[PDB]
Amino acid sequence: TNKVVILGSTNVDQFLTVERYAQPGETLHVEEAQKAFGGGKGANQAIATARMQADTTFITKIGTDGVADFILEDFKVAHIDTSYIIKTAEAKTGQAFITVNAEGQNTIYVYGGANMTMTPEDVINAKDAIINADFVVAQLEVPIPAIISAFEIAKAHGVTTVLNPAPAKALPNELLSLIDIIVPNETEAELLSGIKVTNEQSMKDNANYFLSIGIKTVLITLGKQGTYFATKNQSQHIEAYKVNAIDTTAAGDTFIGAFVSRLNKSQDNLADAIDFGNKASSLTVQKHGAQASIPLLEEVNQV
């Protein structure tokens, strides 16, 4: 079992299911109000690694509005150490506003909120967790200077750093040079390398860019096309299982959480860990069947 620290976002996702998206100036009518669910790349990845039974600690910053209190309960049920979660009155808890149509298209707006107020001092404050970790994992729903500071601590004490550079954005060298394992998707790879992902040769070209700037291990998630990885010594393309074209089930984050849960410190099992990650991820788009969702008394008593 790996010791894993996640540094990242917690969001309250507000879902409004419509039949058809309104158009500018229009007024449509909907059946239900917004339903709130737990979200955030950081929360997703934290719950994934923790459900994979990694020793998990989550450094995240929410507001003092209490809107993610139900998420905190889920963290506790998963045995995620919550000692380092920060609450601030500076901003409301991060939120996503997602309109789903009959087809299943997600249209999403993201409010950074408390997530984007996380500072290096918030991170320094949590250094004990980082120092004793095998891996620290970050995403870009939290500010770059916070991530740099966590990766400086990690790197200085021999702790492996892993960055999921999502959502896509430009990174400074100060950060790039601190990353041991980078895990973009095709779109994120091309924004960082300048090189589009198409044939296996472009994947090699991407990997070579990352290796040249000091990143030791490169994965490019390819969606239905699976996953590519490279080190100085290895280069492999691995097939996926069940995967939706658009991620709408936290499959990407589930892949990362599980990948990291399975990775040996030595990284001698890249392909095995990537396999396990792709397994975990497929379970998220998996149908359970009608009988399976026939409710229990307790659940109905709560309606």
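Quick note: we count residues from 1 along the sequence shown, nothing fancier.
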Which wins on mean Cα temperature factor, 24-32 or 259-267? 24-32
Which is higher in the entry, the mean Cα B factor of 275-283 or that of 291-299? 291-299
Have a look at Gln139, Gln95, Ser149, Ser202 and flag the one whose Cα has the highest B-factor in the entry. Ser202
Going by the deposited entry, which of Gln236, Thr64, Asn44, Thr249 has the highest CA temperature factor? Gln236
For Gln53, does the deposited CA B-factor place it in the lowest, middle or highest third of the chain? highest
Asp180 CA temperature factor, ranked by third within the chain: lowest
With respect to C-alpha B-factor, does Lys87 fall in the lowest, middle or highest third of the chain as deposited? middle
For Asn125, return the chain-relative third of its C-alpha B-factor as stated in the PDB record: lowest, middle or highest. highest
Using the B-factors in the PDB entry, rank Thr160's C-alpha atom against the chain and give the third, lowest, middle or highest. lowest
